[PDB]
Amino acid sequence: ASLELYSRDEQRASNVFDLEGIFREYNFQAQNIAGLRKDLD
Amino acid sequence: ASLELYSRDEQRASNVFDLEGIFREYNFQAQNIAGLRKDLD
Amino acid sequence: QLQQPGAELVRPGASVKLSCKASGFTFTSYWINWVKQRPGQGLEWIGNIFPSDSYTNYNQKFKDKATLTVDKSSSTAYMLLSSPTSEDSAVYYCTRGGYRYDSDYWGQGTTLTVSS
Amino acid sequence: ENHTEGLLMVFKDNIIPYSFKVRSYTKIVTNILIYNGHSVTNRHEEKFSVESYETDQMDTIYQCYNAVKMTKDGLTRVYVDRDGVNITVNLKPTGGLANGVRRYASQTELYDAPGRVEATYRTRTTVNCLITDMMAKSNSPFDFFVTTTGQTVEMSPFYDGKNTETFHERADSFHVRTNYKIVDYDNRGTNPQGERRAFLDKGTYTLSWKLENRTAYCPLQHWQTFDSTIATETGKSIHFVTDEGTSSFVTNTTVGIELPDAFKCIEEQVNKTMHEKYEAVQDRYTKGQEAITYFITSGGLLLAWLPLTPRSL
Amino acid sequence: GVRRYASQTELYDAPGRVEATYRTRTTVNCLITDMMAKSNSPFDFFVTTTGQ
Amino acid sequence: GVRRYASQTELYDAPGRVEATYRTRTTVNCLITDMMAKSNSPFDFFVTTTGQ
Amino acid sequence: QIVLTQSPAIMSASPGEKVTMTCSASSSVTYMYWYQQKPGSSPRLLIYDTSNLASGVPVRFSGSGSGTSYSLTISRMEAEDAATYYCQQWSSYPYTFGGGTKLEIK
Ligand SMILES: *[C@@H]1O[C@H](CO)[C@@H](O)[C@H](O)[C@H]1NC(C)=O
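Residues numbered from 1 in each chain as written, not as in the entry; some residues may be left out. Chains lettered and ligands numbered in written order. Part of a larger assembly, values for the part shown. Heavy atoms only, no water. Residues with missing side-chain atoms left out of burial classes, pairs and counts.

Method of determination for the deposited model, per the PDB record: cryo-EM, at 3.4 Å resolution.

Within the PDB entry, the label attached to chain E reads BALF4, and the organism entered is human gammaherpesvirus 4.

The PDB entry annotates chain C as Fab5 H chain originating from Homo sapiens.

Asker: Which residues make up the overall build of chain C, and what values go with them?
Answerer: In terms of regular secondary structure, chain C is built from 0 helices and 10 strands. If you list the helices and strands of chain C from N to C, you get β-β-β-β-β-β-β-β-β-β. Over its C-alpha trace chain C gives a radius of gyration of 14 Å, about what one expects of a compact globule, namely 13 Å for 116 residues. Principal axes of the C-alpha set define a box for chain C whose edges measure 45 × 25 × 25 Å. For chain C, restricting intrachain contacts to residue pairs at least 6 apart in sequence, the fraction spanning at least 24 positions comes to 52%. (Helix = DSSP H or I, 4+ residues; strand = E, 2+ residues; numbered from the N terminus. Rg over C-alpha atoms; globule rule 2.2 N^0.38 Å. Contact = heavy atoms within 4.5 Å.)

Asker: So, the overall build of chain E: which residues are in play, and what are the values?
Answerer: Secondary structure summary: chain E contains 0 helices and 4 strands in total. Computed over C-alpha atoms, the radius of gyration of chain E comes to 20 Å, more than 25% over the 10 Å expected from 2.2 N^0.38 for 52 residues, which places it beyond the range of a compact globule. Overall, chain E is about 60 × 25 × 15 Å in size when its C-alpha atoms are taken along their principal axes.

Asker: Kindly report on the sheet that holds strand 2 (residues 20–25) of chain G, identifying the contributing residues and their values.
Answerer: All names here are of chain G. Here we have 4 strands laid out as an open sheet, ordered 1-2-6-5, and antiparallel in their pairing. Each having just a single partner strand, strand 1 (4–6) and strand 5 (62–66) make up the two edges of the open sheet. Ignoring which end each strand starts from, the neighbouring axes of this sheet average 20° apart. In terms of strand pairing, strand 5 meets strand 6 (residues 69–73) through 5 bridges, oriented antiparallel. Directly across from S64, in strand 6, lies its bridge partner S71. (Pairing = 2+ DSSP bridges. Axes fitted to C-alpha atoms, helices over the stretch in contact; angles between N-to-C directions.)

Asker: Which residues make up helix 1 (residues 52–61) of chain D, and what are the values?
Answerer: All names here are of chain D. Taken residue by residue, helix 1 has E54, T55, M58, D59, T60 and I61 as its buried positions. Buried-residue contacts for helix 1 involve strand 2 (18–34), strand 4 (63–65), strand 10 (125–138), strand 13 (174–180) and strand 14 (195–201). Directly beyond the C-terminal end of helix 1, a positive phi value near 60° is found at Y62. (Buried < 20%, exposed > 50% of the residue type's maximum accessible area, 1.4 Å probe, protein only.)

Asker: Could you give an account of the sheet that holds strand 4 (residues 32–37) of chain C, with specific residues and numbers?
Answerer: What the 6 strands build is an open sheet, ordered 2-10-9-4-5-6 (chain C); its pairing is mixed. Because the sheet does not close on itself, it has two edges, and the strands there are strand 2 (8–10) and strand 6 (57–58) of chain C.

Asker: Talk me through the packing of aromatic side chains; I want residue IDs and the actual numbers.
Answerer: Residues and elements named next belong to chain D. If you walk through the whole model with that rule in mind, you get 31 aromatic pairs over all chains. Ring centres 5.6 Å apart and planes at 55° place the aromatic pair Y159 and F174 in the tilted group. Linking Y159 in the loop between strand 12 (152–153) and strand 13 with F174 in strand 13, this pair joins segments that are 15 residues apart in sequence. By the burial criterion, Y159 is buried, and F174 matches it. (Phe/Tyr/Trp six-rings, centres within 6.5 Å; stacked < 30°, edge-to-face > 60°.)

Asker: Can you explain the interface of chain D and chain C? Please cite residues and give values.
Answerer: Taken together, the contacts link 12 residues of chain D with 8 residues of chain C. Considering only residue class, the side of chain D that touches chain C consists of 3 nonpolar, 8 polar and 1 charged. (Nonpolar A, V, L, I, M, F, W, Y, C, P; charged D, E, K, R; others polar.)

Asker: Explain the state of the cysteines to me, and be specific about the residues and the numbers.
Answerer: Throughout the structure, instances matching the rule amount to 4 disulfides over all chains. A sulfur-sulfur distance of 2.0 Å marks the disulfide that ties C218(D) to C265(D). A torsion of 105° about the S-S bond marks the disulfide between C218(D) and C265(D) as right-handed. Placement of the pair is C218(D) in the loop between strand 15 (206–210) and strand 16 (220–233) and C265(D) in the loop between strand 18 (247–251) and helix 2 (266–281), with a sequence separation of 47 residues. Judged by relative accessible area, which is 35%, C265(D) ranks as partly exposed. Through a disulfide, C23(G) is tied to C87(G); the S-S separation comes to 2.0 Å. Disulfide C23(G)-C87(G): the torsion about the S-S bond is 70°, which places it as right-handed. Here the residue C23(G) occupies a position in strand 2, and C87(G) occupies one in strand 7 (residues 84–88), the gap between them amounting to 64 residues. Across the pair, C87(G) and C23(G) agree in class, each one buried. (Disulfide = S-S within 2.5 Å.)

Asker: Lay out the side chain of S247(D) in plain terms, naming residues and giving numbers.
Answerer: Of note, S247(D) is situated in strand 18. In this structure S247(D) comes out as buried when scored by relative accessible area, which is 18%. A distance of 3.1 Å separates a polar atom in the side chain of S247(D) from the backbone oxygen of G245(D). Not counting chain neighbours up to four residues away, the residues in contact with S247(D) comprise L3(B), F240(D), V241(D) and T242(D). (Polar contact = N/O pair within 3.5 Å; in protein donor to acceptor, adjacent residues only side chain to side chain.)

Asker: So, the arrangement of the chains: which residues are in play, and what are the values?
Answerer: By contact count, the dominant pairing among the 11 pairs of chains in contact is that of chains B and D. Without any contact between them, chain B and chain G keep their closest C-alpha atoms 35 Å apart.

Asker: Give a detailed account of the interface of chain D and chain B, specifying residues and quantitative values.
Answerer: With 23 residues of chain D at the contact, the number on the chain B side is 18 residues. Three residues, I15(D), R43(D) and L97(D), lead the burial of chain D against chain B; their summed loss comes to 27% of the area buried on that side. At the junction of chain D with chain B, the criterion picks out 2 salt bridges. For the salt bridge of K12(D) with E10(B), the shortest nitrogen-to-oxygen distance reads 3.8 Å. Our count for the contact surface shared by chain D and chain B stands at 3 residue pairs in polar contact. Among the secondary structure elements, those contributing two or more residues to the side of chain D that touches chain B are strand 1 (3–13) and strand 16 of chain D. At 3 residues, the largest contribution of residues to the side of chain D that touches chain B is made by strand 16 of chain D. Classifying every residue of the side of chain D that touches chain B gives 6 nonpolar, 11 polar and 6 charged. (Buried area = accessible area lost by both parts, 1.4 Å probe. Salt bridge = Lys/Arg side-chain N within 4 Å of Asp/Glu carboxyl O.)

Asker: I'd love a proper account of helix 2 (residues 19–37) of chain A, names of residues and values included.
Answerer: One turn of an α-helix holds 3.6 residues; hence residues three or four places apart share an orientation. Here helix 2 of chain A spans 27 Å end to end across 19 residues, near enough to the 27 Å set by a 1.5 Å rise per residue. Restricting attention to buried positions, one finds in helix 2 of chain A the residues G21(A), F23(A), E25(A), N27(A), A34(A) and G35(A). Against helix 2 (19–37) of chain B, strand 12 of chain D together with strand 1 (3–6) of chain E lie the buried residues of helix 2 of chain A. (Expected span 1.5 Å × (residues − 1).)

Asker: Any chance you could break down the side chain of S92(G) for me, citing the residues and the numbers?
Answerer: All names here are of chain G. Following the sequence through the fold, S92 ends up in the loop between strand 7 and strand 8 (101–102). At 2.3 Å, the side chain of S92 and the side chain of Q89 are in polar contact. When near neighbours in sequence (up to four residues on either side) are disregarded, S92 contacts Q1 and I2.

Asker: Give a description of the nonpolar core that names residues and reports values.
Answerer: Nonpolar side chains in soluble globular proteins tend to be buried together. If you look at the biggest cluster of nonpolar residues, it comprises 38 residues, and the most contacted ones within it are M32(G) and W34(G). Those elements giving two or more residues to this core turn out to be strand 5 (43–49) of chain C together with strand 2, strand 3 (33–37), strand 4 (44–47), strand 6 and strand 7 of chain G. By size, the runner-up hydrophobic cluster in this structure holds 20 residues, among which are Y18(D), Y159(D), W209(D) and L211(D). (Core = buried A, V, L, I, M, F, W, Y, C linked by side-chain atoms within 4.5 Å.)

Asker: Run through the pairing of strand 18 of chain D, naming residues and quoting values.
Answerer: Moving residue by residue along a regular strand, the side chains alternate between the two faces of the sheet. Residue and element names in this part refer to chain D. Alternating residues of strand 18 divide into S247, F249 and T251, all buried, and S248 and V250, none buried. Of the strand pairs in this sheet, strand 17 (residues 238–242) and strand 18 are connected by 5 bridges, and their pairing is antiparallel. What sits directly across from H239, in strand 18, is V250. The hairpin formed by strand 17 and strand 18 contains 4 residues between the paired strands, and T246 there has a positive phi angle of roughly 50°.

Here it is, written out as structure tokens:
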């Protein structure tokens, strides 16, 4: 039989710092700000 | 015989966010800006 | 318009210069190409000076025989020939290039007369 | 004592994200209006996108206009470099980090002469043109992609305006051009082959990349190929034992013959390899079947099987 | 991702004076955000989604 | 983490003029930081703790 | 450095029959241009990108091709369609021309 202790997802989820969450939200906020600062029609 | 499924490079290259590329370019831009802002002789 | 003056006499050993007046369009958005047409033979390409720049790309063998230049102020291009001989009697055209389908206006052609 | 020879290829999962090349255009405007006449300078800058007519100039002839026009509540502001006029400037290569992005930029203003002081301090206006080339990466579901410098776009790279791929960006920002000519710096004066490029306006910059179909990414990767495997039937399973790599792959099903569903990429790869290997061996063997058979191991592995029978000379 | 609840901004920002005393505008907004946080075995600190 | 040695700031920042020439204050500080750096096998660059 | 070969040399054709001239290149080329040059005059552009029509050129003139094989064909030939035709490449930096084709009426 085929067995494994820690799967790929388990090792990926064992990180406190979520890079995807940090950068996606930061870029979203800056893009929204650049709209009001400029002509938002 | 010795075999392996995923090498060290394959697991390193399986990340969308390139930390080395992000930080190296960011520091390069700031250093260049600090030159023109100050006395660039 | 792209007009070229002709009716010139060439003394071997004396350099000659040709002019190609360009007008009616923005001179810093195209290129000038010079082509030599030997009578009774096919056309031949020489080079292409880029105005607004100095990208004078020359032929693979015409390095020792050609010299391009431009006067952005006078919107004119020039062809300098070094040490002309008697075997190069032909007509030279100046053509306009560009990555746009609009046009590529061929010049009129300057006849070159070299003899004794 | 039921044994059969053949040729075997093993395919595994793909974990390397899809990668492609992009190019960015932007216009940078800086104001040094806060000269603090009252003796320090407090300058703030801004960046803007590029329109269609200008992008055609940069990509082919490498020239841009040093003049930006905005609008706000019916008020339009126009700035020129060194307070000049609408003119064409060239773009030149700019040095940078080794093995990174390549930048082409235009020269800045000639000078910034001092002006008034106190309330109305010295005001300077500058405009620059920038071009950057980098790479982008995206994952299996194709929900977004990230460039090298760390900018994220919420759109599948395969979207073309009439597909079912994810597109969460602004509707009036994506448009695709056909028969588009783009040339490199070193070959200004040669016409390249027309292609299909997709443009996107992010407000602060502009992005463009070559459009492609989804068949350019494939979720399977070749691992190993074995030439002299032996297939042994155990009643409820099949054992593929090879003594070159010293491995044995066991399948759950006996009949197998599960034709590939979405892994149609490897059809060209397996067709060439099996045909090539059989030619060097067809001297003493004949193909015992005409179609390749596919099995799935207990683990996540895919096997291509083609039985071979010896020739009775 | 995160869910945000926000109040409307100011109705308008009329222009004021110029020169030294330029036009001055004041705006205030209320924000509410819901996210998740994570912490490790020794429990010395925790990090939210946005990176605080 | 890192250890910092710093000098005291200015004693006070008295208000000055207003309008165009507003109150101007100048302060200078001295800073010293100790951290660690790391580099890889080919030795092309190294990165400090704070991310420089 | 790509050399263009124009196999047809002398037409000597009469009105009534189609005439086709092909230009062969030693290497692959992205496109091809066709120039018509009457004696004692500057050449004019007829076909660009191997499939399009220039300004003022009538519907008769057309051509196609791919790789290193291209040709031009016409439908209704008159007396004034007797001139020289050249094929010119653009991808390689030396703008090499072709041998040229002579058309005659007889
Ligand atoms: C994508 O598919 C369409 C039809 O499915 C095809 O016409 C097109 O050529 C394909 N794209 C490429 C780059 O071949």
